[PDB]
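*Asks:* here is the sequence, then the experimental structure:
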There are 2 protein chains.
Amino acid sequence: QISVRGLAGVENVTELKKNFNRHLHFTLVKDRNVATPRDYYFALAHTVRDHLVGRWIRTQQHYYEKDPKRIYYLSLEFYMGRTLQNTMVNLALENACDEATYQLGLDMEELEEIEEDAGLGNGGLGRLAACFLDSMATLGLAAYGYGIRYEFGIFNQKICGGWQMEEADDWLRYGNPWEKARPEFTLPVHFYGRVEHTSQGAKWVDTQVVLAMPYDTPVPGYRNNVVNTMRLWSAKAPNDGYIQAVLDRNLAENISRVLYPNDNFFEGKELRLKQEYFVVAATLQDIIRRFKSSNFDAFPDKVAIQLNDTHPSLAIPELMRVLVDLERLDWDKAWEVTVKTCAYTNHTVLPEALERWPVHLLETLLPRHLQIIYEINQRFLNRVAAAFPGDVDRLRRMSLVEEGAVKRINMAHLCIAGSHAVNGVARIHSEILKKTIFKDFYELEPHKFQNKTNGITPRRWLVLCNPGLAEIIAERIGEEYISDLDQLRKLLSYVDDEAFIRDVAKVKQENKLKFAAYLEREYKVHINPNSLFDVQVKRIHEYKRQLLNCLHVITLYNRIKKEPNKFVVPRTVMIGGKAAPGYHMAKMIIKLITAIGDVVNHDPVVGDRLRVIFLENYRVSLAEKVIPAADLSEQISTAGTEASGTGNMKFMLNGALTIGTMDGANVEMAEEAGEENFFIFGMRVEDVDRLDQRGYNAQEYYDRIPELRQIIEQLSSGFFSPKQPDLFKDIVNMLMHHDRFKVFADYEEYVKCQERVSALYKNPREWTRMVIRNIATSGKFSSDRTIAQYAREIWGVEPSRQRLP
Amino acid sequence: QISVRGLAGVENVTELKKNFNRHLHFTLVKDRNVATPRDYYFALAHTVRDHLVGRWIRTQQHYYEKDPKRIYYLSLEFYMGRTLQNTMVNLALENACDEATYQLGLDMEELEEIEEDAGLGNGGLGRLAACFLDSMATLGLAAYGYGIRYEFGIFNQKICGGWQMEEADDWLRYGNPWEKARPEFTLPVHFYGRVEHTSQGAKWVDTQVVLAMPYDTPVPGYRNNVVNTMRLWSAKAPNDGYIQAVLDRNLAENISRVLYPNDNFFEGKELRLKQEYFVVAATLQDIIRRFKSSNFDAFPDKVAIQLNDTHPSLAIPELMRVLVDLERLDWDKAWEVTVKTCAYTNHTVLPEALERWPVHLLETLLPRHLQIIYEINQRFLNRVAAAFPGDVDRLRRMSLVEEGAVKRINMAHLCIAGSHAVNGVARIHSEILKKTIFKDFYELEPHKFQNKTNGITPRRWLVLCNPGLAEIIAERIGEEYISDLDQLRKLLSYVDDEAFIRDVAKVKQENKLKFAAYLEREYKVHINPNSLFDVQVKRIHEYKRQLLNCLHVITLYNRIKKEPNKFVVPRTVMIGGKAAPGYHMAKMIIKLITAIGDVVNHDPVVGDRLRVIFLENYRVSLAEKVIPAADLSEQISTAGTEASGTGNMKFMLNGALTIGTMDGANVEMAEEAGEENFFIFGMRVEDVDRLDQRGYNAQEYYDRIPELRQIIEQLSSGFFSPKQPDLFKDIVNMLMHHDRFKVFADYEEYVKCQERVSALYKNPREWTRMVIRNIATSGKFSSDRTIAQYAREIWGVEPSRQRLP
Ligand SMILES: CC1(C)c2ccc(C(=O)O)c3c(Nc4ccc(O)cc4)n(-c4ccc(O)cc4)c(c23)C[C@@H]1O
C-alpha cells in the first residue's frame, strides 16, 4: 500500500499465508469453518512472532560471544501497549502480512483490534520504559528490561453515570502469543526471617520463599536484526488442613497479581514493597549468574543497573547483600562496585510521590536490607560530615533515615547515595533537582547529577500510529529519519511548499475522520469532524489541571450563550485519562467533565459548535488512535510540577499544535521549534514561587474576574448537577481555599491564549505551516536521542545502528 | 525395535525429526546448544500432538455431520496418567518416534519420564473414567469426558521419617502440551441467590457468577483414526478497596484449584459441593447447545449422561431446572426427558462414602435445586406409595430426604429416582445392590438395575506398560487382541509350549530387573531381583487390609527368626498407596509398613531373604512400572467391601498370580481363569454376615493363635517402635476392639494361602504355566467389553471398531 510499510514480496506473502494456515490448523486447532476473528488474530500473531525467533536466538548468542557491557533497565512498569503492529513495523513485514491476510479474505487492521494492551504501567514513567526498550534495541545495546508480569495491568476504566468504574484488566485471558515462559530459570526470593551473625559473617535465615518465574518477550530493533529481551517475573509458590494449605499458595502468588494504580502517589502498602523486592531480588540473581558465565572488580565494567524511579531502589542494598553476605567481599569493595553499577532516574518533585518506607516494615519484611541501609547511611553521613564539618542540619536533611512518629527510610536518598549517576527527565527538572530538593546531594557530589530529557520512539509514535504522516514525510526526505529523527528538520525546507502543506492537512483530516469513525463504531458517539480537536489525555491529577481545561470549556459555553450570533471556531474538546481508585478529587474531576458535557452537548443553541467528551479507558492503544487526530495538545500543568511529560512529544510529532505552560519538556519543545510556534501561557516557575512567598489567595481572582465568578457560581449552585445541587462543592471548596496548583492564577492567560488558538485555526494555511514547523523540529524528542545519551554519559557504552547479519 | 510398536518408516522418521527441530526452534525458542531434556520432551510432545490434529478436527466434524447419539461421561475425576506414550501407541507412532529421537541422539524413554501425570483422580473410580475414555474412542462412540481441570491433582506423597507428607501436585508448572484452552467457549455458572416465582414461572436471581473455561484434550482411539475429546472446566472470575477486589478473584477461581483427596469418604465441604455443581452446570449448557445445533422429545435420543458415582448427581435437578425454568417445558415432560437421559453408576457400599448433603447448605448455595429436589421427592414417593400402599417404613427409607438433627439429601436416592439405569461395577456388587442397600428401589423399578463389570484398557495396561509381554503374545496370535482382548484365550493352547513358557518367564524377569533399576536410580533402594515380588498397591484403607498384609509380613519375619536354617522363598514385599490427609488410621498404617521394614530390612539373620518396602507416591505412571514386574498381586479386602477393583485386573493381564478374597471382580476373575489358578482365601460375604450376626470378637482369635498373639505383643510393646514404645497402640486397639473389617478372622487362612503361594513359586515351570492360564483368561476385563455393554444396554448405541478415513 504505502512504501514505509515495506515490500509485499510474492514468496514472502505465499510463505506467510502457509504459516498462517499452519498455525490456524496446528496451533488454534480450527479450520476456516469455525474460526473466529480472534483465532485469526492469534494465527497472525504466531506467524509474525515466528519471524523473530532466529534473530532473537542469534542476538542473545551474539551478546554471549562478544561479552559487551549489559544494560539492565529495572522498572516496576512496562507500558507496552500492543505488539503485533510494532513487530511487523520493526521487521519490515507490515505490507506483506497486510497482503497475505487480504488474500485470505481478512482485514488485518480488524485483527489488530483484537490484541489486548500489555498495560503494565500507569503513565509516563512506564511508557518511558517501553519506548526505551525499543530504542535500546534499535541502537544495538545489549539491554534487558526487567519487571513484573502482572496478571492484571492498569484497570480497565468504564464510565457509568458519568463516573469512573474500575474493572480488572484481564489481559492474559486468551493468552499472550508474544511471551516465552522460562519456568526452567525460576529463582527463589526470600521474605521475613531474621539475621544471624556467624563467623562467616551475616546470614539471612528462617525466610519465607516465593519463586520468581521469568517470562521473556522479544524486543525488536527497527530493521537492524536485533531482538532484545524483556524479562518479566511471575510469583509462584514454592514446591513444599491440606486443602487450605493448597489454597493459601495464592497468598505468595498475589505478589505478581496486579499493578498498583497509583500514578504519582506513595502509599506504603506492604504488598507493593514485596513486589519491589521481588523484581529486585530475582533480577540481580540473573545479573550475577550472567556475569559469572562470562572476582567482582570487573562487575561495573560488565553491568549497568538503571533504576526507573525509586521503585527498584532495593537493588542497591540487595547488591550489597549479595556481594558481602554471599560472595564475601569486603564492605568497601562491595560499595565501590555497587555505586559504579547503579544509576537512578528521578521522575517527579511532588513530595507525595516520594517513597518513604516505615522502618518497622522494612525490619520485618527485609531485616538484612534494613541493617545494610543503616550501614550505608552511617558511612554516607560520615562523608557528609567530613565535607561539611559542623553542618548538623545538612546531616539531618541528607540522612537516609527520616525521623518522626514513624521513622522511615527515604528511598530517593538511598538511590543518590548508592548511584554514580542521578538524572532528571527534562532540563528544567534536572536543574530544579540541583537547585532545590537534592541541592545538598548536588553540593556533596556535583558530578553525579545529570539531565536526560525524555523522548518517545518514532516507530510506535509515528510510523505505527500515523502511517499517513510517516509516508508524506518519507516521500520528501526518505526513510532514514525513522531512526534518525533529527532529519525531520529537512521539512523546514517545505514550509512554503503547497504540495506538502496540502498533504499535511490532508493527513490530519484523514486521521480525524478515522477517529470519529472509531467513536461512532465503538461508542455510538458522534463528533463533528470539521471541528478543532482539542485533546487533553493523561492521568487525571490536580497538578495536570484538567480542571483548568474545564473552566475554559465552560467559558466557551457561557460566551456562546451570551452572544449566540457570534461565530466561534467549532471545537470538540476531548479529555481522557484514568484516576487512581482512592483519589476522590480526581474521580470528582472526571464526573465534572461528563457533567459539563451533559449540559453543553444538549444545548440547542450550541449545536455542533461545541462538544465536550470524556474519552473512556485511555491507554497506549487509544493514544495511538487519538493523538494522530488531534489539532490542539493540552499540556497545562502548573509550572514546576510536570517533570518532563511525554504525551506532549507525541502530539508534536503527530501534527498537533501545543497550548501549554513553560513546564517540563514543553520548555525544550518550544526552544526547538521557536516560541512563536507554541501557545505558551501562564505563570513560569518563578511566578509560582512569588505567589507561594506571599500566599496564594484564590478569592482575589474570583473577585476580579466576572467570567470566572460566573463559572464558580454555576458549579456551586448546581447548574451542572441540577439533581444534586451540591455535587461539586468539594471541587469549588478546593479551588477557592485549598488549591495547591493555582488554577485561578492561570485562568485569564489561558482563556486569552485559547483565543489565539482559535484565531490561527480560522487560517488553515497558517495553522498548517505552523504545524510543519513543529513536526520538523520534534527530532530532539526521539527516545533514540535520549538512549544514546544514557549510553554515552551514564552506562559507558557506544550505541550503533548497524545491522546484525 | 518390536513389532507391536509399529513401523519406523523412512519418510515418517525424516518428517518427525524435522518437526521436532521446528518445535525446538519455534516453540521452545532454543537451539541444541542450550536445550534441556525437558525442552526435548516438549518438542517431542508437540510433534506427536500435531499428528492428532487432523483426525481430531475430522472426528468432531464427522459427529456434527452424522448426528449420532452423544455420550457424556460426567466425572469429578479423570485419572489420566501421562499422555505421550499413549498417544504414540494409539497413533502407531512409537517405533518411528523412538528411531527419530535416537537419530537425534536422544533416548525417548528418558524424555517420557519428564512428563507429569495428569493425576486428576484418587483411585479406581477416576482411573475407570480414564480407561473408559480410551475404550469409547476405540469403539467409535461419539463420547465426551466432562470434568474439572484441577490446578492441583492428587497430592504428591513423600515419605519422611517413615510418615506420609503431602505436597501440592503442581502438574501444570511447565505447561500441558496436550490440552487446548477454549476461552471462547466460556460459560457462566451461578451460585447462591434466591428464587422468584413470576408469571413466567420460577426465576433464579441475585446469583454470584463463576465462569467455566473449557480445556479440550484429545482422546485417540486405537489406530482407528478416531480422536474424541475430554473437556475439563477451569474456574474463572467474571469480568465485572480496588486491590483487594482484584485479589478476591482468587475465591471464585479456587473452585477448580485442587482435587479433594478423599478416596472412599464423604465430607460435606461446601467447596466440594461447588465443584460438583460447577462441572454439572457448565457441562449441561454444552450438552444443550450441541443438542440445539443438530422441542426436547428427541433429547434422550441424542444425549446420554452417565453419572460416575453421585458426584455429578446435581445433573438431574440441573437438567430439570433448565428444561422447566428456561425452556418452559411442563414438569412431567421434563422429568420423562431427564430420566431417559441420565444413568447412574454406583462404586461402593461403604456407608461413609455416601453423599448426604445438609439441606441448609443446598438451600443457601443452590436454592432452586433444593426446590426441584423436594418436588422430585414428593412425586417419587407418591409412586412408591401407589406401588406399596401403606408401607410407611419404605417411604421413609426411600425418601431423598433423610431426617435427623441435620436434615440431608441422599444423593444416591436422587440418582436412582432420576436415572433410567443404575449399575454396579461387578456382578457380586450389582447383586448386593439389588439385595441390600437399594433393595427397596429394586422392588419398585427392577428394570433399572444392571451390572457393568469394570475393566481396564489393554492399550495403557498391556501394550504401553508391558511391551515385552505384548510382543511375545503377538508373536503367537497376532495383534488383533489389542482391541479384541478375548483373543487372549488362544494362549491356552500354549500352556505346554516350552518356547512360550520360556518367553513369559523371561519377560517377567526383564520387567523385574527394570523395576529394580528404577528403585536404584530414583531412590538408591536395592531389591533382590531373584525374589518373589509381592505387591499391594492401592489407596490405603482399613477395608483394603494393608494391615492384614502387615501381619503376614511380620509372620514371615518371626518364622525366620524361629528357624533361621529353614529355606523360605525370598520375597520383596511391596506396599504403596496414598492415605487421605485427614485419615489418622491410614497414616498410621503407612508408618507401620515403614517401621516393619526398619526392623526386617536390617536384621542380619534375614539378609535378602525378606525385604519390606513402601513404594512412594503411587500413581498411574508408577503402576505402569511396578505392575508388569509383580509376581504376586495382593487383593485382600474384606469380602463384601471392594465393589470391583481394577488393580486386580491390571496384575492379571501382566503376568502376576493373585492372592485374594472372593470380593468384587476377584470373583469373576477366578471364574474366568478357574479357581484352581487363583489363591482364593478367607471369609466369603456370607461368613462375614454370620460374624456380624453374632458379633465379631477379635480377642477369640488372639486367644487361639499363638503366632498372631506374638505379633500383637510386638506391636504393643514397642518392638517396631523402640524409641516410642506405644506408637502403634491405636492400631492395636482398633484391631482388638474396633475392627470393622475383621482382620484377625482371615489371618490364619491368609498365612496358609501365602504358604501355597511360596510352594508354587519354588516350581518355576508350574508357576509360569499358571500365569499363562491367567493372562489367557483376562480378556473379559478389557474396558472395551465394559464399554460395549454400557453402549448396548444403557446408552442405546452400537459400538464399532472400524477405521475413520
Ligand atoms: C520450516 C517452516 C517454513 C515450516 C514448514 C512446514 C511446517 C509444517 O508443519 O508443515 C512448519 C511448522 N509446523 C507447525 C506450525 C504450527 C504448529 O502449531 C505446529 C507445527 N512450523 C512451526 C511454526 C511455529 C511453531 O511454533 C512450530 C512449528 C514451521 C514450519 C516453521 C517454518 O515456518
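*Replies:* The structure has been received and is ready for your questions. Numbering: from 1, shown residues only, chains lettered A, B, ... in the order given.
*Asks:* around the closest residue to residue A:175 other than its chain neighbours, how many other residues sit close by?
*Replies:* The shortest distance from residue A:175 to any non-neighbouring residue, by Cβ to Cβ, 6 or more residues apart in numbering or on different chains, is to residue B:181 (7.0 Å). Using the backbone N, CA and C atoms, a C-beta is placed for each residue, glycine as well. Here the neighbour count serves as a burial measure; for residue B:181 (other Cβ atoms under 10 Å in any protein chain shown) it reads 17.
*Asks:* what sits against residue B:181?
*Replies:* If a contact means Cβ atoms under 8 Å, 6 or more residues apart in numbering or on different chains, then residue B:181 has A:175, B:213-215 as its contacts.
*Asks:* ok, and the most crowded of those residues?
*Replies:* In terms of neighbours by other Cβ under 10 Å, those top out with residue B:214 at 23 neighbours.
*Asks:* figure out how far the helix or strand that one falls within is from the centre of its chain.
*Replies:* Under the assignment given by DSSP states H and E, the secondary-structure element containing residue B:214 is strand B:208-220. Centroid separation between strand B:208-220 and its chain, computed with Cα atoms, centre = their mean, to the nearest Å, is 21 Å.
*Asks:* just checking, what packs against it?
*Replies:* In terms of contacts (3 or more Cβ pairs under 8 Å, 6 or more residues apart in numbering or on different chains; DSSP states H and E), strand B:208-220 is packed against helix B:37-66, helix B:84-91, helix B:124-138, strand B:180-181, strand B:187-191, strand B:227-236, helix B:270-292.
*Asks:* now the ones you listed in TSV, with distance to residue A:95?
*Replies:* Shown next, in TSV, are the helices and strands packed on strand B:208-220 (distance: least, Cβ to Cβ, whole Å):
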stretch	distance to residue A:95
helix B:37-66	31
helix B:84-91	41
helix B:124-138	46
strand B:180-181	32
strand B:187-191	40
strand B:227-236	38
helix B:270-292	41
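*Asks:* which of these sits most buried?
*Replies:* Scoring the helices and strands packed on strand B:208-220 by mean neighbour count under mean count of other Cβ atoms under 10 Å in any protein chain shown gives helix B:124-138 as the most buried, with a mean of 27.
*Asks:* what's the angle from the following helix or strand past it to helix B:124-138?
*Replies:* Using DSSP H and E, the helix or strand that follows helix B:124-138 in sequence is strand B:143-148. With axes from the mean of the first three to the mean of the last three Cα atoms, to 10 degrees defining the directions, strand B:143-148 sits at 150 degrees from helix B:124-138.
*Asks:* residues of stretch A:498-511 that come out buried?
*Replies:* The neighbour-count check on stretch A:498-511 (16 or more other Cβ atoms under 10 Å in any protein chain shown) flags A:500-501, A:503-505, A:507-508, A:511 as buried.
*Asks:* ok, residue A:377 to residue A:319 distance?
*Replies:* 16 Å (Cβ to Cβ, to the nearest Å).
*Asks:* my error: substitute residue A:2 in the last question.
*Replies:* With distances taken as Cβ to Cβ, residue A:2 is found 48 Å from residue A:319.
*Asks:* first-to-last residue distance for stretch A:166-176?
*Replies:* 23 Å (Cα to Cα, to the nearest Å).
*Asks:* and residue A:786, which helix or strand is it part of?
*Replies:* Residue-wise, residue A:786 maps onto helix A:783-790 under DSSP H and E.
*Asks:* just the CA trace of that helix, in CSV.
*Replies:* Once side chains and other backbone atoms are set aside, the C-alpha atoms of helix A:783-790 remain, and they are given as CSV (Å, rounded to 0.1, in the frame of the first residue of the first chain):
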residue,chain,number,x,y,z
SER,A,783,14.0,8.3,22.5
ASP,A,784,16.9,7.2,20.4
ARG,A,785,18.5,10.5,21.3
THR,A,786,17.6,10.0,25.0
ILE,A,787,19.0,6.5,25.0
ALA,A,788,22.2,7.5,23.1
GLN,A,789,22.8,9.9,25.9
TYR,A,790,22.2,7.4,28.7
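*Asks:* helices or strands up against that helix?
*Replies:* Using 3+ Cβ pairs under 8 Å, 6+ apart as the contact definition, the elements that helix A:783-790 packs against are helix A:124-138.
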